Amino acid sequence: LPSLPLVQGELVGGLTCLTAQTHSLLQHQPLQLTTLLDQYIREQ
Amino acid sequence: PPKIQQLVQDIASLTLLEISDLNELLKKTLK
Amino acid sequence: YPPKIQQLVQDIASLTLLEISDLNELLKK
Amino acid sequence: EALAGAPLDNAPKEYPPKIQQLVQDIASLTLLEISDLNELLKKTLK
Amino acid sequence: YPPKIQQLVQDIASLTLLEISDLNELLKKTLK
Amino acid sequence: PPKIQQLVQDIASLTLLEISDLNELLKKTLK
Amino acid sequence: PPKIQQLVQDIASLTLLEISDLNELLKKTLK
Amino acid sequence: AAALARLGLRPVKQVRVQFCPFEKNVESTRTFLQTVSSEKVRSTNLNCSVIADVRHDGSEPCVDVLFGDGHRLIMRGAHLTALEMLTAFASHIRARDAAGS
């Protein structure tokens with residue numbers, strides 16, 4: 001088992017994961033648009 | 001607000017079988 | 001996400017700037 | 001008043017009664033209420 | 001701040017080992 | 001802006017079969 | 001579809017100096 | 001320990017002493033482990049070894065012995081006294097020792 005402090009750190013990460021769930025679904029639009037803008041410069 | 005407050009009442013009421021599929025379901029559809 | 005809750009997320013998207021800021025706080029973390 | 005018996009290695013994991021009871025209560029609470037609770041917990045750690 | 005939200009802080013904040021990890025482990029399965 | 005607003009409303013309303021055409025162009029036509 | 005074709009034509013017509021404003025919104029306003 | 005120490009684990013190769021300490025009927029096997037694990041008994045043949053594993057599955061205690069020419073011997077402690085296991089075990093290895101030489 002890892003040290004006790006380490007397990008406590010995982011709990012802090014879990015809180016962020018809960019919010020990330022809803023954000024991840026919304027995060028799909030920005031990610032798609034960003035990738036496209038870079039590809040155009042590469043083709044040029 | 002009058003919108004996010006109701007967002008909660010749905011999740012807590014969802015059955016376990018529902019919730020599991022939802023994360024895969026919407027991600028697979030809106031991506 | 002069932003339709004009932006998909007609608008709620010759609011409503012959150014079409015929100016006022018002040019309420020969007022409240023939503024942003026959750027998104028920021 | 002007496003310590004519980006050790007579970008068999010093959011037997012599935014057994015969880016204390018108190019832990020199981022707490023899990024049910026968290027689901028009932030709203031995310032907004034949970035969010036307010038989460039903030040206080042983080043301060044205690046640091 | 002409310003009384004019910006205070007109670008949950010007492011239980012989770014301080015416990016023995018092999019206890020805090022078990023409580024969180026069940027929650028992860030329920031969320032997933 | 002007005003141009004961005006129109007695009008958002010369109011994607012959500014598009015049908016499965018029709019969205020596939022969008023996905024095809026970006027991954028194949030532009031690659 | 002009719003909507004998608006309109007978007008492609010708009011980007012190519014915009015000038016280099018003006019396109020900077022459109023990109024700024026996505027990277028800062030929506031983030 | 002003394003008795004077996006005089007004989008020595010010469011023709012043996014390995015031993016196995018699986019027991020669940022929580023189970024009540026493991027007293028005989030643990031007593032058997034003490035004798036075989038004895039330095040005097042073991043030292044005789046540094047090459048020879050012993051397995052005294054431990055589990056908590058509820059299996060009845062068992063002792064399995066590995067030899068060379070002699071076939072493996074398995075003894076269940078649950079219904080065997082430590083002395084009978086030791087004396088019967090010593091008799092078996094003695095016969096195997098005669099067969100080897």
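Mind listing whichever residues of segment G:21-31 are assigned to a helix (DSSP H, G or I) and either surrounded by 13 or more Cβ atoms within 10 Å (Cβ to Cβ) or not basic (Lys, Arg) (or both)? Within segment G:21-31, G:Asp21, G:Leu22, G:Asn23, G:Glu24, G:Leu25, G:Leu26, G:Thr29 qualify. Filtered by the rule that a residue be over 11 Å from the mean Cα position of the chain (by Cα) and more than 17 Å from H:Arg94 (Cα to Cα), segment H:41-75 gives H:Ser43, H:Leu46, H:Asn47, H:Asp53, H:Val54, H:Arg55, H:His56, H:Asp57, H:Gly58, H:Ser59, H:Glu60, H:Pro61. For segment H:62-101, what are the residues that are closer than 19 Å to H:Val41 by Cα, surrounded by fewer than 17 Cβ atoms within 10 Å (Cβ to Cβ) and touching a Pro at 6+ places or on another chain (Cβ under 7 Å)? Residue satisfying the conditions is H:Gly68 alone. Residues satisfying the criterion are present in segment A:34-44 (criterion: assigned to a helix (DSSP H, G or I), acidic (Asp, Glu), under 22 Å from F:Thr29 (Cβ atoms) and in contact with a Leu (Cβ under 8 Å, 6 or more places away or on another chain)). Checked against (1) aliphatic (A, V, I, L, M); (2) assigned to a helix (DSSP H, G or I); (3) more than 7 Å from every other protein chain (Cβ to nearest Cβ), A:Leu1 meets all criteria but (2).
Condition test on H:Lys40, is it surrounded by fewer than 16 Cβ atoms within 10 Å (Cβ to Cβ), farther than 30 Å from D:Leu8 by Cβ and touching a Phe, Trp or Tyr at 6+ places or on another chain (Cβ under 8 Å)? Steps first, please.
Working: surrounded by fewer than 16 Cβ atoms within 10 Å (Cβ to Cβ): yes; farther than 30 Å from D:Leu8 by Cβ: yes; touching a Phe, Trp or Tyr at 6+ places or on another chain (Cβ under 8 Å): no.
So H:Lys40 fails the test.
Could you check, for segment H:10-31, whether at least one of its residues is touching a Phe, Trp or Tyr at 6+ places or on another chain (Cβ under 8 Å), among the aliphatic types (A, V, I, L, M) and part of a strand (DSSP E or B)? Yes: segment H:10-31 contains one or more residues that are touching a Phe, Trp or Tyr at 6+ places or on another chain (Cβ under 8 Å), among the aliphatic types (A, V, I, L, M) and part of a strand (DSSP E or B). The listed residues are H:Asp53, H:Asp97, and the only one of them that is more than 19 Å from H:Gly8 (Cβ to Cβ) and acidic (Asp, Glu) turns out to be H:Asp53. Filtered by the rule that a residue be within 11 Å of the chain's Cα centre (by Cα) and among the aliphatic types (A, V, I, L, M), segment H:5-40 gives H:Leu9, H:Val12, H:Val15, H:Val17, H:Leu33, H:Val36.
This table checks each residue for (1) among the polar types (S, T, N, Q); (2) crowded, with 17+ Cβ neighbours inside 10 Å; (3) more than 21 Å from H:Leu7 (Cβ to Cβ).
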{"residue": "H:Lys24", "(1), (2), (3)": "no, no, yes"}
{"residue": "H:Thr35", "(1), (2), (3)": "yes, yes, no"}
{"residue": "H:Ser49", "(1), (2), (3)": "yes, no, no"}
{"residue": "H:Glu60", "(1), (2), (3)": "no, no, yes"}
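Taking the condition in a helix (DSSP H, G or I) and more than 14 Å from chain C (Cβ to nearest Cβ), does A:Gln21 pass? Taking the combined requirement at face value, the residue does not satisfy it. If you check D:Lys13, D:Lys43, D:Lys18 for being out of contact with any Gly (no Cβ under 7 Å at 6 or more places or on another chain), among the basic types (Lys, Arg) and in a loop (DSSP other than H, G, I, E, B), only one passes: D:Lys13. When segment E:15-32 is filtered for residues that are farther than 27 Å from B:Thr15 by Cβ, more than 9 Å from chain D (Cβ to nearest Cβ) and not aliphatic (A, V, I, L, M), only E:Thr16 remains. Each residue in segment F:10-30 was checked for being among the hydrophobic types (A, V, I, L, M, F, W, C), closer than 15 Å to G:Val8 by Cα and over 9 Å from the mean Cα position of the chain (by Cα), and 3 pass. The one condition from (1) surrounded by 12 or more Cβ atoms within 10 Å (Cβ to Cβ); (2) closer than 14 Å to F:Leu30 by Cβ that A:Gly14 does not meet is (2).
In this structure, does D:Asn38 turn out to be assigned to a loop (DSSP other than H, G, I, E, B), at the interface with another protein chain (Cβ under 7 Å from one of its Cβ atoms) and not aliphatic (A, V, I, L, M)? It is false that D:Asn38 is assigned to a loop (DSSP other than H, G, I, E, B), at the interface with another protein chain (Cβ under 7 Å from one of its Cβ atoms) and not aliphatic (A, V, I, L, M).
Every number in this text was worked out from the coordinates using simple rules, so none of it is lab data. Positions of Cβ are generated from backbone atoms using ideal geometry, with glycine treated the same way; all protein chains shown enter the neighbour counts.
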